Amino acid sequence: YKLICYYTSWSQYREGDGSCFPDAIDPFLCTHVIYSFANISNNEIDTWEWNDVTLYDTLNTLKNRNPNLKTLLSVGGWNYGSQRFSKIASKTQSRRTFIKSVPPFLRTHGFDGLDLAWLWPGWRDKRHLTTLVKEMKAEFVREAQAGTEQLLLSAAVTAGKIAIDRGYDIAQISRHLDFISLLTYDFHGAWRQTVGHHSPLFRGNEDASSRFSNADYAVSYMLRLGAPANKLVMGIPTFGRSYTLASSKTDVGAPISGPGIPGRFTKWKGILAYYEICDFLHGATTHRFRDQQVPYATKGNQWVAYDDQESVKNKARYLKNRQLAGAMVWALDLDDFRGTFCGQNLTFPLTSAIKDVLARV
């Protein structure tokens, strides 16, 4: 079973103990470590940060410790216009320039493949997303001829039913892709003027407002659309989402005034790291959606839907039974990487719990 772990390039700026570089990463933790993010310019893969070349090197040296670890580089992400990506993929010469540009860049910096983080294609874009993956793969196949082991090509897919339908032809891209990472942690939109869990496993017996907002639906649907199990990786959040309550009402359907306050380290409204969360838990009221098997916390006018070791193992169990390829972790820098915030002296608590589960019978 593959354990695919993402690392973010900006994690480095976070203040104090939030500062995370790639040298903090335990080399036998994951199987595939992906580095976000990579930019495009002059229609070809380029770096984002001012010192990615150093960081790439720091990552791809961890491979000296674990000769078997594989490392990919992801392209795009959100801080990067769909319109931009779309512009490149929709034309035959810009799509070819960019493609032609990857293998050498990737080989220069030690990466073993490319992850396509197109934070999402429109419906006019679906056709080119297929053409882009198809042609991209063909290039990795033609450079394999030159000695070095073939470059892995993976894609990052959203788990929202409308989104999949809009810009992804699953049956077609699953052939050309080495694995698909399904983003099962964005199941609770902004508009929702209430609390709710973003990465629930099951529906929720309370009042199905759209039988589709959970990992289980999303998984069935991909396997239904034709993505083989041996190619699916379920996405597991290592972070939580906070919201500021609009009343003292704290359970299902509770009203919401807007996102929760910024964390001390992550400094972003509406989101918290697991290390920031273990700290928040102190003097909080914890609960659990029996139905959806995921926890949430609450203190003051702050309510959080998050993922703990039990929930994360429970997901890691589910996907084994489903016989999927493995799990994907949205982010390493957001797990308790120093292992100094969550009680037990264990670094990467959350990602370790899974790893353990992937090796059980």
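We call the rigid core the largest set of C-alpha positions that still match within 1.5 Å between the two forms. Note that residue numbering follows the sequence shown and begins at 1.
*Asks:* Looking at C-alpha RMS in 5 other deposited structures of this protein with the core superposed, is it 85-93 or 182-190 that drifts more?
*Replies:* Between the two stretches, 182-190 moves farther in 5 other deposited structures of this protein.
*Asks:* Going by root mean square C-alpha distance after a core fit, say whether 209-217 or 135-143 is farther from the shown form in 5 other deposited structures of this protein.
*Replies:* More C-alpha displacement in 5 other deposited structures of this protein shows up in 209-217.
*Asks:* Between 283-291 and 104-112, name whichever shows the higher mean Cα B factor according to the PDB entry.
*Replies:* Result of the comparison: 283-291.
*Asks:* Do the CA atoms of 148-156 or those of 81-89 have the higher mean B-factor in the entry?
*Replies:* It is 81-89.
*Asks:* In terms of recorded Cα temperature factor, pick the maximum from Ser220, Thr130, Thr250, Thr266.
*Replies:* Each of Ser220, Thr130, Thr250, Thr266 was compared by C-alpha B-factor; the highest is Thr250.
*Asks:* In the PDB entry, which of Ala208, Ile170, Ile99, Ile236 has its C-alpha at the highest B-factor?
*Replies:* Highest C-alpha B-factor among the listed options: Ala208.
*Asks:* State the tercile, meaning the lowest, middle or highest third, of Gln344 with respect to the CA B-factors recorded for its chain.
*Replies:* It falls in the top third of the chain.
*Asks:* Just say lowest, middle or highest third for the CA B-factor of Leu55 relative to the other modelled residues in its chain.
*Replies:* For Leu55, the deposited C-alpha B-factor lands in the lowest third.
*Asks:* Ranking every modelled residue in this chain by its Cα temperature factor as given in the entry, which third contains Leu245?
*Replies:* For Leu245, the deposited C-alpha B-factor lands in the highest third.
*Asks:* Considering only modelled residues of the same chain, in which third does the CA B-factor of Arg65 rank: lowest, middle or highest?
*Replies:* Its C-alpha B-factor belongs to the middle third of this chain's values.
*Asks:* C-alpha B factor of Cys20, ranked within the chain: lowest, middle or highest third?
*Replies:* Top third by C-alpha B-factor.
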